[PDB]
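*Asks:* Provided hereafter are the protein sequence and its experimental coordinates.
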Amino acid sequence: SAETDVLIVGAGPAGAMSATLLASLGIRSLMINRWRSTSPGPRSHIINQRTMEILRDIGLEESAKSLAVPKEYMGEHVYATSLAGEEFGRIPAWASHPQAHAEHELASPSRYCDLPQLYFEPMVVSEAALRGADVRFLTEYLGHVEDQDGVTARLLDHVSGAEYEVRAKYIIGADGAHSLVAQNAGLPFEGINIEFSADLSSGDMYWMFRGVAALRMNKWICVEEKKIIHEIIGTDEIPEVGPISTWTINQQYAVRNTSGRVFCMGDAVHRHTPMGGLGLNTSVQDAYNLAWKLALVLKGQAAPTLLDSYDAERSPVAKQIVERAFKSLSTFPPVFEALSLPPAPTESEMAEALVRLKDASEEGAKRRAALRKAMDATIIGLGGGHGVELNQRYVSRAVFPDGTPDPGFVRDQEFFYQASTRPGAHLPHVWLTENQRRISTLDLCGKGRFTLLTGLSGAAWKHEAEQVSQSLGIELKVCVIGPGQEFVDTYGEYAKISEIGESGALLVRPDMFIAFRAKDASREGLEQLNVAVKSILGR
Amino acid sequence: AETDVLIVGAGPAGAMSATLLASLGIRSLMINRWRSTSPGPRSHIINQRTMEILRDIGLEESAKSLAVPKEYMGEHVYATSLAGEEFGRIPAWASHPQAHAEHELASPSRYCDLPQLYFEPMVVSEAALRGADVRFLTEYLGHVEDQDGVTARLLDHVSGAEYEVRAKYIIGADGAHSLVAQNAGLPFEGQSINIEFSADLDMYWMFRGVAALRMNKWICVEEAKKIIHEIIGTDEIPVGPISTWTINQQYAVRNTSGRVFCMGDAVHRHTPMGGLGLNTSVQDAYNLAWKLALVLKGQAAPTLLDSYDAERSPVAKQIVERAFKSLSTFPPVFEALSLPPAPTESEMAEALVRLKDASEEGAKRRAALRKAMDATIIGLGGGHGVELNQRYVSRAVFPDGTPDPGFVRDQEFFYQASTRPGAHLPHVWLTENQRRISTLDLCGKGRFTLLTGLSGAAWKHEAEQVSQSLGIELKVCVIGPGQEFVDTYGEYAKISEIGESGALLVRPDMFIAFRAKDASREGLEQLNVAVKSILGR
Amino acid sequence: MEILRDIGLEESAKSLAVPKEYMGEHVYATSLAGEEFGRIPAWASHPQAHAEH
Amino acid sequence: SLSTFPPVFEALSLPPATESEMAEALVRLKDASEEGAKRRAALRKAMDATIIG
Ligand SMILES: Cc1cc2c(cc1C)N(C[C@H](O)[C@H](O)[C@H](O)COP(=O)(O)OP(=O)(O)OC[C@H]1O[C@@H](n3cnc4c(N)ncnc43)[C@H](O)[C@@H]1O)c1[nH]c(=O)[nH]c(=O)c1N2
Ligand SMILES: Cc1cc2c(cc1C)N(C[C@H](O)[C@H](O)[C@H](O)COP(=O)(O)OP(=O)(O)OC[C@H]1O[C@@H](n3cnc4c(N)ncnc43)[C@H](O)[C@@H]1O)c1[nH]c(=O)[nH]c(=O)c1N2
């Protein structure tokens, strides 16, 4: 028998990030994993800005960057018949087009990077243990029972062969795409990788229309006597040929992610195809949504109803990414159609298409233009979906509305990020300075606590926040941004992005979402802080 | 539970043993009492032998990405305090151009500064990935040995349960108060407050007797921590975590008892001068693992394991005595300033004014101070010979009849390459498809390798016979023009000390076990007898 | 270079030049595509020569 | 320093100036005999002596 506050079943990105955050917040956790090691395979490698912002908040962004390939080396996607064959063209993937890159820089202090899951996992798992989480591998969750005060789970130890029980206040189901935890909580659902080595002496990612195969990276992956590798390369005048692995995926999202004291996250609540690099990133963001809420509830600073916001905020995103990843698959077949090929052409059919594509006729021109259109429409799955990645819009009892209408989106909300300071949107990034060194708005906030941002004519917020803090027993850090202060609006970018007057305030949750906005520091405005915070905390 | 090897401890020694044993196809269970890898500032100087090991197993590039390269380690400063007067500087970690050349010539690898805080998780994750079972919050309580194996009792600090593990061997990698070594009855001979802090202010030695300062975040070596003031030393700038290390200087005279092998701090406990501890501990593991693997696979006799004590015990004594002796180089600095070992602020102020005296007496003091500062270098990068000049004598090294050539220059300060059996294979650059590759990169990977040139082609057939007969892999590399590996710079011919048709047999740990002068019939016939002798067969 | 340094042109010279790290690989061959006889460390590129430099 | 180049041709057993003669020299330089090892060593020695220039 063991006892903990939270039992975390699974030590992939979702579980390991939950353990790390809970341990940083002073909460006792036990994280288990069935297997001997972290994940070995080529799996994820695209890390998006929201994940990198989370790592930045907890102090792991610089270690992530030292293991990763920066964004400048991710842009060249090549569409071809094979590596040696004819190139159809290229596309600027991962926001490498100058305009896309500007939109990227404006959105976040962080950037895309290429960091194999193979490295990402042990980095976060070692951090969880260092910060205080108990971590135990070769240990399998078999089931649990729940009562009025907690949960009791049965675990099988694969080193000793012993079974034992663990008693917890809450269980996190971070146990992947066939989650037993989710099955036991009764959650409702709706909806070949080949490593090899070779010297390819004679861009960053190749899409081969052979229907579609992918090739990247001495060591290579494409997606046992594997002369699929020939064909893709495609010659046989060069010669390894394994390890080989498979992923069966059945597209489904949990409609609800919570049942009593059980919270599921990650692939356990969203299972989808890998198009867009959304899985690991969304899974880490699920953890970041939940952990601070658990910590407040366990410390008695919030009522248990604060936990209802997890489902209300993260379930819509589960459905969104599943549908989006699926839709992005449909953008590849039109490439074959533009060449006047069927989805699985013969060698003779392909050969004819290549000659036809170079024809000096009007028919040839029509095909070249159609091919370019089709290739351009794949970018939604390969870096174009910046809006999908960033445009979270939360509606829950952990976001206190300010009475303003939803302004919607000026441009397409899938392709383009739109900054907003309305409650329910992520705090916008802009550069300020601290001692003449650039610092992001995001660097003022987070660290497991609420933060209130204002300017010099909003000095009354400091005292108002101290009262609410004292009264509710919760930390509220106040930052008064302006000339001569600790943090300075050196570029004028804060006044430009805040959408409110200098004396207004933004209350920012530990996960960086705006929970309350006030237009000014009038007595009526100031009195609302205490009512918003009580409402957010269910008190 | 049952495993081939139980590894008690997951520091550098244990984690490296687990990684190597897993890479060799051996089942192991590595345990650690605590929840995490080591949190503290502890080791940070990684030497070339350790970096070579990481290179052999494919972790050198990951280590380098986490580390600070050698170009940022050289500036050691001797002073009264950070804001006070500087006595002078010394080129530490082989940063002087001549020391740097000697360093480059010795190895494909380089010093780097890599905190143990990052080193440990990198190796522990690799061990699990490659097949080791790894289990933290698990404590070794004791064991009993019989003629077929060992049975250990473990306490699980998650479940509170005790259970037993059955193994063929136990590795005691359990640190400076090793319970394993105490239970194996090993005989021993031979006779710091670290303060982290943050402040807005490469290495400072403060003669205040001596304090060190390095690195927003700083370490020097809880409101009484205005020791930090004094060292900085002002208080016009605005104090934990604090930690202690007791070390009692001791080395194990023997490192093995029956089926128990101890390694690392468990067999060599010493002061931190010279950055020898972690490095020596990783090298103990690299000596043992391939031997254990051959024995467990039935390709070597159990007597191969006797060479672990014969090769590694002399190193244990050597580093303990060396680290201690380097401490004695600091007090002469106070003596050159004509100060007592703990001077007052007034006495030191007077020493500083005398040190600038425009007389012949002042010039004598300036020269004496320089001489004393220069003699500290043996503990701060000067001991390249100590780091690299391993000379093994054992049944796992087959002598070639030649006398020991000794050392032309001082064997502590200077590395001397040798290809005589019992010395480390020398590094030189060859090419493979016009890309530079080290001699070391031809060898290792858990197996024996035989190196020769084009007139030594007969070695290929001889090695095949021995390999087939003994059931062991022997990779043969024929170095020359038109071959897979080419002597593009001529450096192999220059370093090998034998004719082109001679051969060097290199062990999995990169030590030379056999050398042949030529490929005559008498020379070729010796291979099989050397390999049998090395394997105890 | 010492002369250029004395008169204040060394940094301009360096901005126009290729540094010493890119001068060492001298290759002896029958032709560029043919067989290579071997290489030599030119312009003090051997580590000992570089130290002396 | 000019006089250090001709010993390279001599180590290959070539005269100072045909394509056939050179082709033979490259095959002999890979010869597995003790004579081939002598030629490889002589060639290296000759190449090394050009470093003065
Ligand atoms: C080919 C490919 C390529 C990509 C991606 C997937 C695939 C298949 N993804 C998605 C990503 O790999 C996936 O979404 C994450 O691994 C999900 O992380 P989780 O922590 O939810 O599950 P994960 O599956 O990673 O972890 C589940 C954990 O639970 C453990 N477990 C299961 N049952 C257990 C039990 N009963 N008891 C104890 N432990 C148990 C498992 O052992 C494992 O540790 C991605 N994403 C992205 O953002 N960018 C990208 O580029 C890609 N690319
Ligand atoms: C301040 C300072 C600074 C330096 C150094 C030391 C110190 C104190 N060193 C030396 C270096 O840190 C030391 O030599 C190594 O950590 C030794 O590694 P081990 O694996 O042998 O022991 P280590 O002590 O690292 O690990 C022992 C393991 O066993 C575990 N354990 C103990 N008893 C157990 C039991 N009964 N059951 C289960 N687990 C148990 C412990 O929890 C731990 O995992 C160094 N070296 C260097 O090369 N360069 C440098 O710069 C420095 N600097």
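*Replies:* Arrived safely, thanks for sending. Numbering: from 1, shown residues only, chains lettered A, B, ... in the order given. Ligands and ions are numbered 1, 2, ... in the order given.
*Asks:* from now on I want contacts and neighbour counts done on CA atoms only, so please keep to that.
*Replies:* Fine.
*Asks:* packing partners of the helix or strand hosting residue A:142?
*Replies:* Per DSSP states H and E, residue A:142 falls inside strand A:139-147. If you count contacts as 3 or more CA pairs under 8 Å, 6 or more residues apart in numbering or on different chains; DSSP states H and E, strand A:139-147 packs onto strand A:29-33, strand A:150-157, helix A:180-185.
*Asks:* list the buried residues of stretch A:134-148.
*Replies:* Neighbour counts using 16 or more other CA atoms under 10 Å in any protein chain shown place A:134-141, A:144, A:146 of stretch A:134-148 among the buried residues.
*Asks:* sorry, back to before: output the strand holding residue A:142 as CSV, nothing but the C-alphas.
*Replies:* Only the C-alpha atoms of strand A:139-147 are listed here, as CSV (Å, rounded to 0.1, in the frame of the first residue of the first chain):
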residue,chain,number,x,y,z
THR,A,139,4.5,-0.8,-13.3
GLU,A,140,1.1,-1.4,-14.7
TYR,A,141,-2.3,0.0,-13.8
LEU,A,142,-4.9,-2.8,-13.6
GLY,A,143,-8.0,-0.9,-12.4
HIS,A,144,-9.3,1.3,-9.7
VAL,A,145,-12.4,1.8,-7.5
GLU,A,146,-13.6,5.3,-6.5
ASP,A,147,-15.4,6.4,-3.4
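*Asks:* could you pull out the helices in the stretch 101-250 of chain A for me?
*Replies:* Under the criterion DSSP state H, counting those that start in this stretch, the stretch 101-250 of chain A carries helices at the ranges A:117-131, A:180-185, A:229-232.
*Asks:* distance from the longest one to the middle of the chain?
*Replies:* In this case it means helix A:117-131. In terms of CA atoms, centre = their mean, to the nearest Å, the centre of helix A:117-131 is found 17 Å from the chain centre.
*Asks:* ok, and what's touching that helix?
*Replies:* A:11-13, A:16-17, A:19-21, A:23-24, A:38-45, A:64, A:67, A:134-135, B:35-37, B:39, B:121, B:125 (CA atoms under 8 Å, 6 or more residues apart in numbering or on different chains).
*Asks:* filter those residues by proximity to ligand 1?
*Replies:* A:11-13, A:43-45 (CA under 6 Å from any ligand atom).
*Asks:* and which of these is nearest ligand 2?
*Replies:* residue A:11 (21.6 Å; CA to the nearest ligand atom).
*Asks:* run a quick neighbour tally on that closest one.
*Replies:* 29 (other CA atoms under 10 Å in any protein chain shown).
*Asks:* doesn't residue A:35 make contact with it?
*Replies:* No: the pair residue A:11 / residue A:35 is not scored as a contact, 9.5 Å apart, by CA atoms under 8 Å.
*Asks:* tell me how far residue A:58 lies from ligand 1.
*Replies:* Per CA to the nearest ligand atom, to the nearest Å, residue A:58 is found 18 Å from ligand 1.
*Asks:* what's the nearest residue to that residue if we skip its chain neighbours?
*Replies:* residue A:447 (7.0 Å; CA to CA, 6 or more residues apart in numbering or on different chains).
*Asks:* likewise residue A:101?
*Replies:* In space, residue A:101 is closest to residue A:95, 5.1 Å off (CA to CA, 6+ apart).
*Asks:* what residues are up against that neighbour?
*Replies:* Residue A:95 sits next to A:75, A:101, A:104, A:383-384 when contact means CA under 8 Å, 6+ apart.
*Asks:* let's go with 7 Å and repeat that
*Replies:* Contacts for residue A:95 were tallied using CA atoms under 7 Å, 6 or more residues apart in numbering or on different chains; they are A:101, A:104, A:383-384.
*Asks:* for residue A:526, same thing?
*Replies:* Counting by CA under 7 Å, 6+ apart, the residues that residue A:526 touches are residue A:464.
*Asks:* circling back to that earlier point, so can I have TSV of the ones next to ligand 1 among the contacts of helix A:117-131 showing secondary structure and distance to chain B?
*Replies:* Below are these laid out as TSV (DSSP: H, G, I helix; E, B strand; the rest coil; distance: CA to the nearest CA, whole Å):
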residue	secondary structure	distance to chain B
A:11	coil	13
A:12	coil	14
A:13	helix	15
A:43	coil	15
A:44	coil	17
A:45	coil	17
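*Asks:* of those, list those near chain C.
*Replies:* Among these, no residue is within reach of chain C (CA under 7 Å from any CA of the partner chain).
*Asks:* pick out the most distant pair among the residues you listed.
*Replies:* A:11 and A:45 (17.2 Å; CA to CA).
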